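First comes the structure, then the notes that go with it.
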Amino acid sequence: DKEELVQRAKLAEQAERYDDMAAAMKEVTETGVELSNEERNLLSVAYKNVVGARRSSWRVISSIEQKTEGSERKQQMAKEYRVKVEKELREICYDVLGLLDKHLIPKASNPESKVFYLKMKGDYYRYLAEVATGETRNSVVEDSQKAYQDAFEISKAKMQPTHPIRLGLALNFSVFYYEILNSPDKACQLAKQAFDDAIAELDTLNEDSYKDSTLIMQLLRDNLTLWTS
Amino acid sequence: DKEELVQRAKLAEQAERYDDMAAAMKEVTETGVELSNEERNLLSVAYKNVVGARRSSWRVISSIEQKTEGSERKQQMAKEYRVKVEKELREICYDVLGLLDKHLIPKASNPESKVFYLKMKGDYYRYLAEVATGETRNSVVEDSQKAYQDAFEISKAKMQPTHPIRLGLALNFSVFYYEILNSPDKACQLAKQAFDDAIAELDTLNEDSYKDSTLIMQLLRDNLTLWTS
Amino acid sequence: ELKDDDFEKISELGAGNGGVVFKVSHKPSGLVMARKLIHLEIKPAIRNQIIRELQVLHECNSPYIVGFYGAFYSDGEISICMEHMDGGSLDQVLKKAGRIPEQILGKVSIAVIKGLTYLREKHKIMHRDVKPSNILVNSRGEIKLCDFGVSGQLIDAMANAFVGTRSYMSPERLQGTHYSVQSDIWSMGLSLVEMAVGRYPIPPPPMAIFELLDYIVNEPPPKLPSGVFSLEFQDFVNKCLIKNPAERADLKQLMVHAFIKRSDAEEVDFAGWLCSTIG
Amino acid sequence: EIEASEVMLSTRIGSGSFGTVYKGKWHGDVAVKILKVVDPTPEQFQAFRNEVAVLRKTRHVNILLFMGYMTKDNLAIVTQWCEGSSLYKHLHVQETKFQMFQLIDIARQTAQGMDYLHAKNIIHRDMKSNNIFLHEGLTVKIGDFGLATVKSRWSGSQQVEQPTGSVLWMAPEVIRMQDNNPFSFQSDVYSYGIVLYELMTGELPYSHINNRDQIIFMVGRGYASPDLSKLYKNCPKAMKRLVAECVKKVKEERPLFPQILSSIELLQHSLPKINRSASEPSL
Ligand SMILES: Nc1ncnc2c1ncn2[C@@H]1O[C@H](COP(=O)(O)OP(=O)(O)OP(O)(O)=S)[C@@H](O)[C@H]1O
Ligand SMILES: Nc1ncnc2c1ncn2[C@@H]1O[C@H](COP(=O)(O)OP(=O)(O)OP(O)(O)=S)[C@@H](O)[C@H]1O
Ligand SMILES: O=C(NOCCO)c1ccc2cncn2c1Nc1ccc(I)cc1F
Ligand SMILES: [Mg+2]
Ligand SMILES: [Mg+2]
């Protein structure tokens, strides 16, 4: 049965059909079965794609909204359409947050998995913080900071600095520092420290861990180059 | 107002969202007012992308179904998902045709517009045909045939041999002959005839439409060799 | 295989827009060959793809096709190794002799049609470059084809080259169109016309390359000057220089055309005439 | 001029439209381009030395130094050597991955250099991607500018007055040769716009055409223009407007380089730091 739903989610992935995969995974985790690496990875991929499409759309809509302010009431309907997009954007993130609160966080018998789930929670809170403004933005970011800090301690204590999940966590935390908090110095310091630790502990990875780790480190160097200038 | 609806559809087009676009343009069609040349392009592109996504999905689902070659519930579930997406595609095309055979084809003063809409009608009937296997296939195949032939008569009557519309009609009809009716000889004949008729009047090619002309020409050339092999 | 170090250049055979060909000696084998160097800046994957595409030339064996030994990339240049052609190119002979004799032109057309049909039959390859400079001759009287479009990626690479002076492009090819072998036939016809008269016929009795292309697209095709040539030849070239690709004769019509048959029947000491006109 | 005994020629680099480049060591590392012109006409040689003097007069950060010429080792020109790879190699041969602000800064430096040259009434014909080098990582260095009297052949005392060099960056109004002097500022503007297209696409224009003569005819006829659909999505909208304005078929439609620099400065002002950040990929 469970493998049948796994195959259904994989098939929706191959078909580029994601909302089907999002629902097919949300029903899988609702049971509360023991979650393996592939099983959680597929959920992360699906959810990530669904919200990435709409967040890219929102970035485009907001960019168009500020193209010209000296005009008639055409921006009036544009901002309402953006509000529509956010209405179709916040609620999915809330569903994912509720899903994480339901089974994922409690049904965790491996610190690596807890690190991953807290990372995901912070990521989606970050996404909500971009649309969220006012005291709502602060309310969301206070949760993401705490998730990130609780993730970092476990990542440092249980995982090597070269671990791809830990590298991605440091990268995402840095991005959140730069974009929301507007604290580029702290983000740069954190990123430099993470990259230096990764270099100092190198050439000890597994055979499979030779593409993701390198890609994350390359993206880290790219962000360092962007933020130096 | 019509201008706001068109601006919204264009905006959703720029946002790479093709569901609010299709619905917005269908609502524009429901107004029952005759389209302009520009507005028709947005409608065509939107409902083209909507259909193409499901077409690619259906192709990959069918490839997986023919690739598994086993004896288990995975093939049955793949078949179920195939029929699900197939039903979605059928609904899309039927909505398109009801939008077309009730507001556009009956009210089209310009014969070029009628050629365009009959081309669309044949294309969507073909999309319905390539998935529908059985007794119902023969009806949609013949309806597509009639739409193509009616468009082809008007093209040969009052259309330039180098207009992109006529070249696209010839290409579409050749593909219909080769794939649906499986009659390579007549498809090659039609492609050759259209090729020659376009070659004759190459000097008459204005800035208004040149890239599409040669693009369809190269597509015809590629189809020709693809079939002469 | 073939490497840069195995060749000692004897001389520079010639240089065109694409590159330069050197008459060199392959040290391991001790034979003289022609090594064409084409300078281009492309990715290594593109270079490997082009080398693989040129590897097809191993089995393209024909009395109407130049030989081939190998190809490799040394440094920013593609190196192509082919058999050495003593007589060089028909452009060189046109520089030597004021205008080619009609019998020799007929033999040339026979060889070119043989090569083009050999390509289109056993390789499905269009020359795309039928020019006086791309037809090569031997001291023993043979006529062969070179610089035909075997490698599509190589053609794509050479698409980035410098402007030219004169062109052998059929007007359909200039118009973003292609009728298989008819374009090569149009190039053959223009080559035979430019070899019959002692000049480039496109500005019919200088102009920039763009003006030449505009003429050969929007003007009547060139024709041989009447009264100094036989009727079969003039009809043959008028068949070859047809603006409409469908009306333009294909290889089969030209093979049985009267001029070609007359040329085949005639015995011409092509080797002796070549030795006379080039020394 | 310069004594050939002073210079020493190292291994060859490559060949171009009008010369062959070798590495030299005259008073430091230099680049010596051996010209293909075999027997310069005395009027041709006098114009060559006049242009050489004018080029030695130039002094700017984004343009290479022009040491001078020599008439001994055939006819050759000496320029400042740049160790950094050419921009064409970076974008295409190397496929070096540049961020959007990096490309904007490269374009700004190139516009600065071209503005310097045009302020001196010097027409950098053959302006393109190979003529732009990335010195010291990201500094733009412009080369092979001017030299009108050498790149074009001479029919005795008369310059041939025909187009030369790569056609992809060649302006349409100079491809047609509808005027005896089609080279001007706007042709440079068009070539610069093609370079902008390569920057914002990472690929050469007219990738669907694989014959040079076809490119010549279609560009001269106006039937082909660089399609702006290949432009990067993250590319700012005003950047796309600029690259559209630069490649306008109408000569008078193309804006001048002071306007180009002003637009690029406004783009750099508007450049946000939101999309710039990149997050974790779907590994
Ligand atoms: N196998 C060969 N034997 C002798 N000469 C050759 C051989 N191959 C090429 N050549 C010479 O190479 C010269 C240059 O020709 P290519 O390099 O093929 O370019 P092209 O024929 O000049 O075409 P374009 O348009 O001018 S670049 C010709 O004039 C020939 O004389
Ligand atoms: N200033 C320079 N320093 C070092 N290498 C150079 C310099 N200028 C050109 N080159 C190299 O010389 C080779 C050919 O360059 P050029 O002779 O200038 O031809 P091009 O730059 O491709 O285009 P043109 O119009 O001929 S200048 C390439 O490998 C370049 O990298
Ligand atoms: O060299 C070329 N052209 O030179 C004059 C302008 O065409 C040339 C041009 C295109 C091409 C595509 N694939 C190989 N190509 C060439 N090389 C080549 C191919 C076969 C043989 I045999 C000998 C050769 F030199
Ligand atoms: Mg050649
Ligand atoms: Mg250069």
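Neighbour counts are summed over all protein chains in view; Cβ atoms, including those assigned to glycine, are modelled from backbone coordinates with ideal geometry. Bear in mind that the values in this text are calculations on the coordinates, not laboratory data.
Considering the zone a paramagnetic label at residue B:2 would reach in this model (a point 7 Å from Cα along the Cα-to-Cβ line), which residues of segment B:39-55 have amide N under 15 Å from it?
B:39-43
I'm a student and want to see the number: the projected area of the Cα convex hull of segment A:28-67, averaged over all directions, in nm².
That works out to 3.3 nm².
Which whole number in µm²/s is D for segment D:87-270 by Stokes-Einstein, with the Kirkwood Rh taken over Cα pairs at 4 °C and 1.567 mPa s?
The calculation lands on 77 µm²/s.
Select the chain B residue whose beta carbon lies nearest to the rotation axis carrying chain B onto chain A, and write the distance in whole Å.
Result for the B and A rotation: B:19, 5.
Out of residues 5 or more away from residue D:24 or on other chains, whose amide H comes under 5 Å of its own, with H placed 1.01 Å from N in the peptide plane?
Amide H to amide H, under 5 Å and 5 or more residues apart or across chains, residue D:24 pairs with D:10, D:30, D:31, D:32.
Using label points projected 7 Å from each Cα along Cα→Cβ, tell me how many nm separate residue A:14 and residue D:54, to one decimal.
In this crude label model, residue A:14 to residue D:54 measures out at 6.7 nm.
For segment B:223-228, in order, what is each residue's ³J(HN,Hα) by Karplus, 6.51 cos²θ - 1.76 cosθ + 1.60 with θ = phi - 60°, in whole Hz (x at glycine and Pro)?
Karplus values, whole Hz, x for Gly and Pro: 4, 3, 4, 3, 9, 5.
Taking +1 at the Cβ of each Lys and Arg and -1 at the Cβ of each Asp and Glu, which of C:224, C:182, D:189 sits farthest along the dipole of the protein assembly as shown towards its positive end, judged by Cα position relative to the Cα centre?
It is C:224.
Estimate the FRET efficiency between residue B:114 and residue B:87 by the formula 1/(1 + (r/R0)^6), using the beta-carbon distance for r and 35 Å for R0, to the nearest 0.05.
Using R0 = 35 Å, I get an efficiency of 0.70.
Using label points projected 7 Å from each Cα along Cα→Cβ, tell me how many nm separate residue C:27 and residue A:79, to one decimal.
Result for the modelled spin labels: 7.9 nm.
Using a label point 7 angstrom from Cα along Cα-to-C-beta, what distances in nm, from shortest up, separate residue B:156 from the other copies?
8.0
Let me know the shape class of segment C:88-278, please: from the alpha-carbon gyration tensor, a ≥ b ≥ c as square roots of the eigenvalues, rounded when a/c is under 1.5, otherwise prolate if a/b is greater than b/c, or oblate.
Judged from the Cα gyration tensor, segment C:88-278 comes out rounded (a/c under 1.5).
Assign unit charges at the C-beta atoms only (+1 for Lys and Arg, -1 for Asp and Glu), then state the dipole size of chain D relative to its Cα centre in Debye, rounded to the nearest 20.
Here the size comes out at about 440 debye.
Just need the relative contact order of segment B:120-229 here, percent rounded to a whole number, with Cα pairs under 8 Å and 6+ apart.
It comes to 26 percent, rounded to a whole number.
In what order do B:91, A:112, A:4 fall by count of nearby beta-carbon atoms within 10 Å, going from fewest to most?
Lowest count first: B:91, A:4, A:112.
In terms of the Cα gyration tensor, with a ≥ b ≥ c the square roots of its eigenvalues, is chain B rounded because a/c is under 1.5, prolate because a/b exceeds b/c, or oblate?
Cα axes put chain B in the oblate bin.
Where nothing but the Cβ of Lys and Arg (+1) and of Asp and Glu (-1) is charged, how large is the charge dipole of chain B around its Cα centre, in debye to the nearest 20?
Computed charge dipole of chain B: roughly 680 debye.
Based only on Cα atoms, what mean projected area does the convex hull of the protein assembly as shown have, in nm²? Can you show the working numbers first?
Details: hull surface 195.2 nm².
Directional mean of the projected Cα hull area for the protein assembly as shown stands at 48.8 nm².
Projected area of segment A:140-182, taken from the Cα convex hull and averaged over every viewing direction, in nm²?
On the way: hull surface 11.2 nm².
Spelled out: convex hull of the Cα atoms, projected over all directions, averaged, 2.8 nm².
Please list, in order along segment C:31-42, the HN-Hα scalar couplings obtained from phi with the Karplus expression 6.51 cos²θ - 1.76 cosθ + 1.60 (θ = phi - 60°), rounded to whole Hz, x for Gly and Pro.
Going residue by residue, I get 10, 7, 9, 9, 10, 8, 10, 10, 8, 7, 10, 9 Hz, with x marking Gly and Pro.
Give me the percent of DSSP beta bridges within the protein assembly as shown that run antiparallel, rounded to the nearest 5. Write down the numbers at each step before the final one.
On the way: 58 of 60 bridges.
Looking only at bridges with both residues in the protein assembly as shown, the antiparallel portion is about 95 percent.
Sort largest first and round to whole Å: the equivalent ellipsoid semi-axes of segment C:4-83, each the square root of five times a Cα gyration tensor eigenvalue.
Output for segment C:4-83: semi-axes of 19, 17, 13 Å.
Convert each backbone phi in segment C:265-273 into a coupling constant with the Karplus relation 6.51 cos²θ - 1.76 cosθ + 1.60 (shift: θ = phi - 60°), then list the ³J(HN,Hα) values in order as whole Hz, x for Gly and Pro.
5, 5, 9, 10, 7, 5, 5, x, 4
Calculate, for residue B:31 and residue A:67, the FRET efficiency according to 1/(1 + (r/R0)^6) with r their C-beta to C-beta distance and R0 35 Å; round to the nearest 0.05.
Numbers: r = 27 Å, r/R0 = 0.77.
Efficiency computed from Cβ-Cβ geometry: 0.80.
For segment D:9-80, rounded, prolate or oblate, judged on the Cα gyration tensor with a ≥ b ≥ c (square roots of eigenvalues), a/c < 1.5 rounded, else prolate if a/b > b/c?
Here segment D:9-80 falls in the oblate category.
Of the beta bridges DSSP finds with both residues in segment C:55-214, what % are antiparallel, to the nearest 5?
Taking every DSSP beta bridge with both residues in segment C:55-214, the antiparallel ones total about 90 percent.
What is chain D's relative contact order, in percent, from Cα pairs under 8 angstrom and six or more apart in sequence?
Details: 438 pairs, mean separation 43.4, N = 283.
Relative contact order for chain D comes out at 15 percent.
Straight-line reach from residue C:107: which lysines fall under 21 Å, measuring Cα to Cα and dropping same-chain residues less than 8 apart?
C:95, C:96, C:131, C:144, C:223, C:239, C:252, C:261
What ranking do A:116, D:185 get, fewest neighbouring Cβ atoms within 10 angstrom at the top?
Lowest to highest Cβ neighbour count: D:185, A:116.
For segment B:86-205, I need the span (max minus min coordinate) of the C-alpha atoms along each principal axis, in Å, sorted largest to smallest.
47, 36, 19
Can you give the % of DSSP beta bridges in chain C that are antiparallel, to the nearest 5?
Looking only at bridges with both residues in chain C, the antiparallel portion is about 95 percent.
Rounded to the nearest 20 Debye, what is the dipole magnitude of segment B:149-229 about its Cα centre when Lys and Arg each give +1 and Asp and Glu each give -1 at the C-beta?
That gives segment B:149-229 a dipole magnitude of about 160 debye.
Using a 10 Å cut-off on Cβ atoms, rank the peptides B:33-41, B:215-223 from the highest mean neighbour count down.
Top of the packing list down: B:215-223, B:33-41.
If you take the charge dipole of chain A about its Cα centre, with +1 on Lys and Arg Cβ and -1 on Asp and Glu Cβ, which of A:45, A:116, A:224 is farthest toward its positive end?
A:224
Per the Kirkwood definition applied to all pairs of different Cα atoms, how many angstroms is the hydrodynamic radius of segment D:44-113?
The answer is 14.6 Å.
Residues with amide H under 5 Å of residue C:73's amide H, sequence separation 5 or more or different chain, H placed in the peptide plane at 1.01 Å from N; which?
C:79
For a 31 Å ceiling on Cα separation, which of these pairs sit above it: B:67/D:97; A:79/B:84; B:67/B:102; A:48/A:158?
Check vs 31 Å cut-off fails for B:67/D:97; A:79/B:84; B:67/B:102.
Toward the positive end of the charge dipole of chain C, about the Cα centre and with charges on Cβ (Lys, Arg +1; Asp, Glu -1), which of C:213, C:81, C:253 goes farthest?
Of the options given, the answer is C:253.
How large are Rg and Dmax for segment B:15-138 when calculated on the C-alpha trace, in angstrom?
My reading of the Cα-based Rg and Dmax gives 16.9, 57 Å.
Once amide H atoms are placed 1.01 Å from N in the peptide plane, what residues at a sequence separation of 5 or more from residue C:60, or on another chain, have their amide H within under 5 Å of its amide H?
For residue C:60, no residues qualify.
Ranked highest first by the average count of other Cβ atoms within 10 Å around their residues, in what order do A:140-146, D:63-69, B:144-150 fall?
D:63-69, B:144-150, A:140-146
Estimate the FRET efficiency between residue C:230 and residue C:275 by the formula 1/(1 + (r/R0)^6), using the beta-carbon distance for r and 30 Å for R0, to the nearest 0.05.
0.75
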